[PDB]
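1. 3D, please:
(2 chains)
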Amino acid sequence: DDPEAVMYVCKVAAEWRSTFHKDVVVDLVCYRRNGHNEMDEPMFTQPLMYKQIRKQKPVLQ
Amino acid sequence: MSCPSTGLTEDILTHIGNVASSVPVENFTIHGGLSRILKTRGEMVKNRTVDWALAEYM
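-> Numbers count the residues shown, from 1 in each chain, chains lettered A, B, ... in the order given. Dropping the coordinates below:
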């Protein structure tokens, strides 16, 4: 939800791969706005998570 | 070797259907779309017909 740290982490990982020639893992913690499919109802199993979701602004805004 | 018949008497089937087409705890709220599904289950159960989901309960 903070893009300016995502950019820095990606840059650092790209430098690490060139400097040490090892694997590196980058984990992006986010959420899923819709259901698993476009025609899907996610409220059947995760009611409160999606009640919280529909009160949150998109990152672009 | 032989196998007994697997049928059941009707009252058992009706009791299972009635339990399967409802929510048997008090104070429990459920989604609208799920309420329609349970109501349709009752629709079928009162007409003496089973869909695929009701046979698994029975």
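
2. contacts and neighbour counts: CA atoms only from here.
-> Will do.

3. Next up, the contacts around the closest residue to residue A:36 other than its chain neighbours.
-> Distance criterion Cα to Cα, 6 or more residues apart in numbering or on different chains; nearest residue to residue A:36, sequence neighbours excluded, is residue A:42 at 7.6 Å. By Cα atoms under 8 Å, 6 or more residues apart in numbering or on different chains, residue A:42 lies in contact with A:34-36, A:50.

4. Residue A:42 and residue B:46, how far apart?
-> 30 Å (Cα to Cα, to the nearest Å).

5. Same question for residue B:31.
-> Distance from residue B:31 to residue B:46, counting by Cα to Cα: 23 Å.

6. all helices of chain B, in order?
-> B:10-20, B:32-46, B:52-57 (DSSP state H).

7. Relative to residue A:7, which of these is closest?
-> For residue A:7, the closest of those is helix B:32-46, at 41.8 Å, according to Cα to Cα.

8. And the closest one, what's buried?
-> B:41-42, B:45 (16 or more other Cα atoms under 10 Å in any protein chain shown).

9. Give me the spatial nearest neighbour of the residue most central in space within chain B, chain neighbours excluded.
-> Nearest to the mean C-alpha position of chain B, counting by Cα atoms, centre = their mean, stands residue B:17 at 2.7 Å. In this structure, residue B:17 finds its nearest non-sequential neighbour in residue B:45, 6.0 Å apart by Cα to Cα, 6+ apart.

10. which residues touch the one you found?
-> B:14, B:17-18.

11. swap the cut-off to 10 Å and go again
-> B:13-18, B:20-21, B:39, B:51, B:54 (Cα atoms under 10 Å, 6 or more residues apart in numbering or on different chains).

12. Compare the residues you listed and tell me which is most surrounded.
-> Most neighbours among these, by other Cα atoms under 10 Å in any protein chain shown: residue B:17, with 22 neighbours.
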